[PDB]
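Dropping data.cif in here (mmCIF, N, CA and C atoms):
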data_upload
loop_
_atom_site.label_atom_id
_atom_site.label_comp_id
_atom_site.auth_asym_id
_atom_site.auth_seq_id
_atom_site.Cartn_x
_atom_site.Cartn_y
_atom_site.Cartn_z
N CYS A 1 26.70 0.63 -7.12
CA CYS A 1 26.99 0.51 -5.69
C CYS A 1 26.00 1.35 -4.90
N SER A 2 24.75 0.85 -4.74
CA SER A 2 23.76 1.58 -3.95
C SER A 2 23.50 2.95 -4.52
N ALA A 3 23.37 3.07 -5.86
CA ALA A 3 23.00 4.35 -6.47
C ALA A 3 23.83 5.48 -5.90
N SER A 4 25.16 5.48 -6.15
CA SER A 4 26.02 6.53 -5.60
C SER A 4 25.80 6.66 -4.12
N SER A 5 25.66 5.52 -3.40
CA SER A 5 25.44 5.56 -1.96
C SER A 5 24.27 6.43 -1.55
N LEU A 6 23.14 6.43 -2.30
CA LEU A 6 21.92 7.09 -1.83
C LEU A 6 20.99 5.98 -1.38
N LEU A 7 20.06 5.48 -2.24
CA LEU A 7 19.06 4.48 -1.84
C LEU A 7 18.58 4.64 -0.41
N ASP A 8 19.30 4.13 0.62
CA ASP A 8 18.82 4.25 1.99
C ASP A 8 18.74 5.71 2.38
N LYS A 9 19.72 6.55 1.97
CA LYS A 9 19.69 7.96 2.36
C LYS A 9 18.35 8.57 2.02
N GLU A 10 17.89 8.39 0.76
CA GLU A 10 16.66 9.04 0.32
C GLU A 10 15.48 8.38 1.00
N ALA A 11 15.37 7.03 0.92
CA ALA A 11 14.26 6.33 1.56
C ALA A 11 14.12 6.76 3.01
N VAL A 12 15.23 6.74 3.79
CA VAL A 12 15.13 6.99 5.22
C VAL A 12 14.74 8.43 5.42
N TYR A 13 15.49 9.40 4.85
CA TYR A 13 15.23 10.80 5.18
C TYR A 13 13.80 11.13 4.81
N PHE A 14 13.37 10.85 3.57
CA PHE A 14 12.02 11.25 3.17
C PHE A 14 10.97 10.53 3.98
N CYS A 15 11.06 9.19 4.18
CA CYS A 15 10.03 8.52 4.96
C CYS A 15 10.03 9.06 6.38
N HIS A 16 11.22 9.40 6.93
CA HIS A 16 11.28 9.97 8.27
C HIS A 16 10.44 11.23 8.21
N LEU A 17 10.69 12.13 7.22
CA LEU A 17 9.74 13.21 6.94
C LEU A 17 9.27 13.98 8.17
N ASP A 18 10.04 14.05 9.28
CA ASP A 18 9.59 14.82 10.44
C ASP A 18 8.29 14.26 10.98
N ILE A 19 8.33 13.01 11.50
CA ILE A 19 7.16 12.44 12.18
C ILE A 19 5.97 12.50 11.25
N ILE A 20 6.10 11.93 10.03
CA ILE A 20 4.99 11.84 9.07
C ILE A 20 4.27 13.13 8.69
N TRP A 21 4.53 14.31 9.29
CA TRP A 21 4.43 15.60 8.59
C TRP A 21 3.83 16.65 9.50
#

What is this file in structure tokens?
Amino acid sequence: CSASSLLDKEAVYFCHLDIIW
């Protein structure tokens, strides 16, 4: 079920990454 409900959590937070860095 969405990898313990992560998948989007990790993709979104890390790609958001504070305005690309």

DSSP on the backbone, then: every residue of chain A marked alpha helix (DSSP H), written as number ranges by chain. A: 2-5, 8-16

For a test of reading the model, state the distance in Å between atom N of residue 17 (chain A) and atom C of residue 5 (chain A), rounded to one decimal.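 The value is 17.1 Å.
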
When you draw a straight line from atom N of residue 6 (chain A) to atom C of residue 21 (chain A), how long is it in Å?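 Computed distance, atom N of residue 6 (chain A) to atom C of residue 21 (chain A), equals 24.8 Å.
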
Using Å and a single decimal, report how far atom N of residue 1 (chain A) sits from CA of residue 18 (chain A).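 Result for CA of residue 18 (chain A) versus atom N of residue 1 (chain A): 28.3 Å, one decimal.
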